[PDB]
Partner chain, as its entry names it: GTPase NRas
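Starting off, we have a lone chain in the form solved without its partner chain, written out as structure tokens.
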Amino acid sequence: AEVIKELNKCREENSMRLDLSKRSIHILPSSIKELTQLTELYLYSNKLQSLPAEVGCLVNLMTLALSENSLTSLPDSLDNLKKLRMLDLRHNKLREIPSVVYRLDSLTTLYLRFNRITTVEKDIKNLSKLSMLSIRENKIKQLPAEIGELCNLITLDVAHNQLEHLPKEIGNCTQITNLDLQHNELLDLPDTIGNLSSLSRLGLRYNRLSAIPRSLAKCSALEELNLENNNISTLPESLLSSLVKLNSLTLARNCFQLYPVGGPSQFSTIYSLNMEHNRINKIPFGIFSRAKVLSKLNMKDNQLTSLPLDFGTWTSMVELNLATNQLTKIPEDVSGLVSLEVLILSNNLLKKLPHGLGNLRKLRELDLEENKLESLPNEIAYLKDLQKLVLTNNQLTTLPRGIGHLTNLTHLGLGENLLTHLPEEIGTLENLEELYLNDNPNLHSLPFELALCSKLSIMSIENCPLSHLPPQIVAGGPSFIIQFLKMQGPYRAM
């Protein structure tokens, strides 16, 4: 109806771009054959199950945009579009690459993401002008050796498929800079992967890799190496020191029991190292002695029972996550870690903290949730940069009076402890915003000085008896308690 007039409009305008997207089109009219001047046809977001043979009359088409339709194929007449440069077939119902697509040898850009494709035929070698090929989110089990004739490829995306291997002939696609293989079933990578010398983005997470080829050392433009969720427990001893632009290394969710063995400069370039969810039973002595730029270490969910003798020499570390290990002590040498801003120690077996904690002048966040802490050291008072202090689920009965010296503290989590009272010095926490006191069964009062925390907007007190406060006030909840402390206490300003 309106597409009749829009096709008609295009005819009289002689416009070389036709946009029929988002028009609920089920059947494309035959008359589209008349608009032979078109170089761009936009049919995306429609209801098309098929393109008519008349589309092959649009022999000047350079762009055919068909995403978000219900196509199963394309007309054999598309053969006649000898100038077609980009075909966009995302989000359709293709069970295979349409036969005609294998003859569109002028194509440089082919988008096939989100279909039902299982096989790439050997005839893929005909599309040797392709620089962008995306077949992400399909059902592909293997690629043909003839992928190696796509020598102009820059981006090859086959993420979210069923690949178990990659043909060694991928090593002939020497222009590739972005190769995404994540979320496949990959058991290995070919030793020829090193032939991809301009490789700068390699997607490998969520596969079944048990090793990395040593030839990957040749891909020295790589700026990230994310091996998350595989089956890796070692690395080629030469690999990391060859990746001289490597910024970040993720070994999370693998089966490392020991740090990978590497050169002296194995960690000399990365800023971030993520080894969370492995089986690592110790951190080697000296492992960060040449890691001047490494500032984030994540060791969460491993098997650590202690820390190396030179722990206190990690002077560049800024964020350290040792959550979900089996640490029983933090050594006094933690005083060495003068750059630390974030220290996460939740879910260990700590009973006390070293006095040396007080040397962490830049510490902003300290998370001690789910330990066995029985006290805090007085030297906590010197953490003047501390903003967030999480002590949830410990065995604390009192806090040091010096807790009130934490000028910058905004978040204080004391839920699930054994507290009998809060110090009056809580009132000098001028910046306190969130105070969690829930599930302290022996906490029977709150100090009037709590009224002095003018920025206090959240406090939890569920399952505290608070029997030294009036029953109806306690039943009113945090809002009523704070108002009561202000009105009955001695601190009203006027």
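Numbering follows the first chain given and starts at 1.
Another form, the form solved in complex with its partner chain, is not on view; read the next lines as being about it.
Only one segment in the set 281 to 289, 74 to 82, 176 to 184, 163 to 171 has residues whose heavy atoms sit within 4.5 Å of its partner chain in the deposited complex; it is 176 to 184. If you check its partner chain in the deposited complex, you find a heavy atom from every one of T63, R113 and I154 within 4.5 Å.
Only one of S106, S233, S131, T398 comes within 4.5 Å of its partner chain in the deposited complex through a heavy atom, and that residue is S131.
A heavy atom within 4.5 Å of its partner chain in the deposited complex is found for one listed residue only; from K384, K351, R201, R214, this is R201.
Residue contact with its partner chain in the deposited complex: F448 places no heavy atom within 4.5 Å of it.
Among residues of the shown chain, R17 is one whose heavy atoms approach its partner chain to within 4.5 Å in the deposited complex. Using a 4.5 angstroms threshold between heavy atoms, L327 stays clear of its partner chain in the deposited complex.
Shown alone here, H405 lies farther than 4.5 Å from its partner chain in the deposited complex, counting heavy atoms only.
Shown without its partner, the chain has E40, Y42, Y44, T63 in segment 38 to 64 as residues with a non-hydrogen atom within 4.5 angstroms of its partner chain in the deposited complex.
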